[PDB]
Amino acid sequence: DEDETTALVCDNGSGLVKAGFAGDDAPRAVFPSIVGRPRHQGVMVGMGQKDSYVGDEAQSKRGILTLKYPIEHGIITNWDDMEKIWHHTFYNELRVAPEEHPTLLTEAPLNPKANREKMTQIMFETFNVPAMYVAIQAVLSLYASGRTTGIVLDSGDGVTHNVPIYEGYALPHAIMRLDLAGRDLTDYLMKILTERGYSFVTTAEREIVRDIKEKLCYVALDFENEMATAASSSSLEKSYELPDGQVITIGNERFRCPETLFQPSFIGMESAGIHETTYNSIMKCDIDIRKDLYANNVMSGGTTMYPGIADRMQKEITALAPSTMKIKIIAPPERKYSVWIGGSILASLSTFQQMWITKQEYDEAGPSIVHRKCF
Amino acid sequence: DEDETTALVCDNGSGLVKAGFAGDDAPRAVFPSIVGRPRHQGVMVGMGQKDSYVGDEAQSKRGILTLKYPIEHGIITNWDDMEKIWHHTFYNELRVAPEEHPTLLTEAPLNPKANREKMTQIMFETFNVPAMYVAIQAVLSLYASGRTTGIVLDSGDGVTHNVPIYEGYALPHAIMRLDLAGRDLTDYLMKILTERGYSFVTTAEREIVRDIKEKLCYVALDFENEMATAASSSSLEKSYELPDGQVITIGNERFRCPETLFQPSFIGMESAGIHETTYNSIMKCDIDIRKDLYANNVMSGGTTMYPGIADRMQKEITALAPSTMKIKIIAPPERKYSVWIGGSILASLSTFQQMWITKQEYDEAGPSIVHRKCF
Amino acid sequence: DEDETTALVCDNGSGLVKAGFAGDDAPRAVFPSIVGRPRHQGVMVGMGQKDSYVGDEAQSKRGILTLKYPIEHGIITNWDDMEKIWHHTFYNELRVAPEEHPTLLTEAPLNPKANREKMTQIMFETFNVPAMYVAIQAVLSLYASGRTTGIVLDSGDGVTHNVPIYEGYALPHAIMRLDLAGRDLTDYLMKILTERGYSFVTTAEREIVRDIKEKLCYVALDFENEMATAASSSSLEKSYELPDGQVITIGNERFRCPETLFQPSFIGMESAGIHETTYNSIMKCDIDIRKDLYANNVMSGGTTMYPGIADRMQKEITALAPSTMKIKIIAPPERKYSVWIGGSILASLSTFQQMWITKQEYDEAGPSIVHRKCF
Ligand SMILES: Nc1ncnc2c1ncn2[C@@H]1O[C@H](COP(=O)(O)OP(=O)(O)O)[C@@H](O)[C@H]1O
Ligand SMILES: Nc1ncnc2c1ncn2[C@@H]1O[C@H](COP(=O)(O)OP(=O)(O)O)[C@@H](O)[C@H]1O
Ligand SMILES: Nc1ncnc2c1ncn2[C@@H]1O[C@H](COP(=O)(O)OP(=O)(O)O)[C@@H](O)[C@H]1O
């Protein structure tokens, strides 16, 4: 609180907002992106509740609330709800006066121009920021990495991409999309557990299943052989206590759930699994740069956090590639916050501080400015 | 009683067993699935009563008895009780020697493998059937229909499903579940009648309320406008004589009870009403097959028997679908026995007689056989 | 069905088989070249479906099926699938007995010798044709035209060529290749529509986009000025109803998609646009024959069907050529079937009937015969 200034790095996630100050090593505020007020709301004797805050309160308030994601699939679809999320971010989580900070916002891949313009309009008109930037989330991640060359497999919450990069450039024609990512894997685990006679269907039960997924699932060494071991499997049958206190047993569901990344037909997806899309992406590049891609396969995103994933990807890529090809899979430790960190590096870039968009630019060429000939 | 043979078609319902001979047009035996013996049992001077027969005796014996459904929510949960129901089916209702007849059994959606194996074990070991098949009840219904394409709304006793079908295949990812169906509507009518100062709480009173529901409830043309007419409603106020002989008056409860299918929040269900689930199911299918689904919405199940339901579904679907979409609701007349009829067609399928499971198959690969690579 | 005979003219296209009788004015059978069976195949209650017929059934059966082209990029790559396509052609579409008809087959430019030999082996051994010929598809088209001199721009489905011709001879060193053609333009329209927030990614969605391309795209008068008019463009914003019934709006995508033929960098292609390749081809010819080429630029192929293409080519060629050069663009009306018609003329050539290849020639010098010293 003086001269200088930082850069409000707000990564608008499909399920979680990550926000903080440029220059910090990780976001200081992480809260669910949802909207929820009592679904039954039966009055009582007073009030003192906040209608649709969701954020952190919701979670801990599981069972009372309803949820909505105004950013459900990564694109913002409800501007009144999004204004509530940004107000919460600035005033309740970070506890800042937004008019004192240049703010860098992230946007999903393929975000419409008109959507970026509405984001810009809200920042300047509603929150009175002195400036702002919009950054592409994949791009920020790439930034955080620091690798000019290599092929990234980025699997997050709602989408997975394979992005080959040569000298810093995402050759746009190589990238392929997959709908599936963590949101789909949590829904599939709810369904397969419901196969055993359990019942996980409510909003609260979804949260419970997301926790089982993140704590007990793993990727097999070989799907077929893991299924065969399931028979005499005395390991798989882990126990998990529900908040009600009942204890369920989870066995082959531990590896059947994430097997979907390699076999999208488990959820009905025709798409090619992540090892096939990696190969298909490398084959859309020049033959010449393929050796550099094969030796620099970088994993990113929350859904690449499973133990065993790098070894499995090494095995599968080795099976598809030429016999003399050197293959290397890199996974950065704390991948998931790779998107926020790239934003932090960019926003905290004094040297490129002219890329921030300003109140004068917005007034001159409206918000589009932050879209036409920059970010 | 000679060569050839029929197929024992036993549809194990949550509230009613439907059983008969393959090839008959409808089941010859329909009896409540319950277990009940005197709750007070005060001896007397002799016996000559059957402990927990339930079946038909129970009903007519209302007030003395207790009830249990070993198939309460569609999945068999008590094998000693289920053995009693099957013994009653074979020896008391159909009056057959089960060792002379291949028998097709039905099972609920999501029935565990181990449950199908126990059903199979009992048929072969306890009843000595020469063969048997297990069939999926929804599937049998689909079979009875005869429509390859279209979206079915099947509302029965304990569950309602929306199932889109293209060339005979239930695209498994499109189907959505609802807990609510007729069991819930009877419980809700007991509760709302208890609001007027009446008291319907016992087992006998539940049966009385199920009769009021089936004889006097109806679905409104528009819920809001029907409530508004309730004021000057001189029609609604129908009379119903209780077995005690008192006469109650039923008015807006006639349409408030089934309104729950369209507004599950009436019983506290967050779920989306049946018109919303229909739309949500069609939107999980390819855009291309949607025109075929919209023109082939087939209603099935006992809870789709209300007069007015097809016209209301036509109105609601028209309001959600594109303006140029051709919408058609089909309701087969005697829907409820749609499940038994599909079983009868399948079981009575000489041409597919190799799908029946045999005593040799059970002995070789145990009962699982009737589960792994068939039904 | 008597003496004489016709010539089975089968044009094996990358996406469509065109087949018929020599002497007919157009092919009587046109069906997609694909292979597809249920991707989900969920059994049901019977069969009566044909595993991977594709042909016409597929299309109308959009959403159920998968596709494969055994001729994906013009060269046949799977002989078991190709045998199915030829069986369908003869027995289901044309309804002929192939052993009664000399059959002329077409092959892509640069088809390997061994591939032509395998085509020949199948015709004689599998279908028992009395004779057969293999013809080069470009060549057949040239044949259909009837112009000895001039430079043809032939843009079809998977490839575009510029072919200068002087007295009937394709000076082989002048011809240049382009990967891009209609297959690429359909993929690019799917991608650019997905930019607006729509989602066209499935096999069924590809077919939908191919229809939007063929019905609503057009080539601009000037790309830069058309983009500038897009702003106040109230024309562009045509509506298109999807099979689901939703209605999308298409605007600048109408001309951005085919702009790729003139600017291959839109899809990442370094190649020179079709006006530059025309000029580059004319400059590889003698200076002396250039006046004849400039006055005889003939358009051929499905991708030259856009309204406005001849006028745009006249404008662009005029801008590159010497000021006193007479420039004329010819487009034959029903260009696309230009390949089949050339085959029909050739095959129906009684006078050159000795060029057909016979069962004795195949037996003597194997199939190669139809390759070494003829077609
Ligand atoms: N340790 C972990 N193991 C597996 N999945 C994880 C782990 N940590 C986070 N995830 C999942 O990663 C997803 C979030 O990843 P993220 O990269 O932030 O996604 P997005 O950027 O698409 O919002 C969620 O589905 C979450 O459950
Ligand atoms: N005419 C009717 N009107 C309304 N509900 C009916 C009618 N006939 C039967 N039902 C109800 O339908 C339900 C039984 O339907 P059914 O399809 O057999 O269910 P399930 O297969 O789930 O056992 C019961 O709740 C019953 O009261
Ligand atoms: N009227 C049209 N306008 C634009 N493209 C068209 C038209 N008719 C056909 N096409 C396209 O032309 C291509 C087929 O042309 P064709 O000459 O048969 O190709 P090929 O011989 O390479 O198989 C397809 O991409 C198709 O969509």
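We number chain C the same way Swiss-Prot does; the residues here are 3-377, in that order.
Note: Cβ is positioned from N, Cα and C throughout, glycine not excepted.
Shown in sequence order, the list is empty: the chain has no residue 6+ apart in sequence with a C-beta less than 8 angstroms from the C-beta of C:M46 (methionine (R)-sulfoxide). When secondary structure is read from DSSP and collapsed to three states, C:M46 (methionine (R)-sulfoxide) falls in the coil class. According to Swiss-Prot, the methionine (R)-sulfoxide annotation covers C:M46 (among others), on the basis of similarity to another entry.
According to Swiss-Prot, the feature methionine (R)-sulfoxide maps to C:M49 (among others), an assignment based on similarity to another entry.
Taking all protein chains in view, 13 other C-beta atoms sit within 10 angstroms of the C-beta of C:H75 (tele-methylhistidine). According to Swiss-Prot, the tele-methylhistidine annotation covers C:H75, on the basis of experimental evidence.
Here C:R179 (ADP-ribosylarginine) comes close to C:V161, C:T162, C:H163: these same-chain residues lie at least six apart in sequence, with C-beta atoms under 8 angstroms from its C-beta. Residues annotated as ADP-ribosylarginine in Swiss-Prot, with a curator's inference given as evidence: C:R179.
Residues 77-78, 81, 84-85, 88, 105, 131, 134, 136, 359, 364, 368-373 of the same chain, all 6+ positions outside the region 'Interaction with alpha-actinin' (C:112-125), place their C-beta atoms under 8 angstroms from a C-beta of that stretch. Marked as region 'Interaction with alpha-actinin' by Swiss-Prot on the basis of experimental evidence: C:112-125 (among others).
Same-chain residues lying 6 or more positions outside the region 'Interaction with alpha-actinin' (C:360-372) and placing a CB less than 8 Å from one of its CB atoms are 115, 118-123, 126, 131-136. The region 'Interaction with alpha-actinin' annotation in Swiss-Prot covers C:360-372 (among others).
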Near chain B: which of the modified residues C:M49, C:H75, C:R179 have their Cβ closer than 8 Å to one of its Cβ atoms?
none
C:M49 (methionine (R)-sulfoxide) CB neighbourhood, other CB atoms within 10 A:
9
Looking only at C-alpha atoms, tell me how far C:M49 (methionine (R)-sulfoxide) is from C:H75 (tele-methylhistidine), rounded to the nearest Å.
33
Within the region 'Interaction with alpha-actinin' (C:112-125), residues counted as helix, strand or coil by DSSP:
11 helix, 0 strand, 3 coil
DSSP helix/strand/coil residue counts for the region 'Interaction with alpha-actinin' (C:360-372):
9 helix, 1 strand, 3 coil
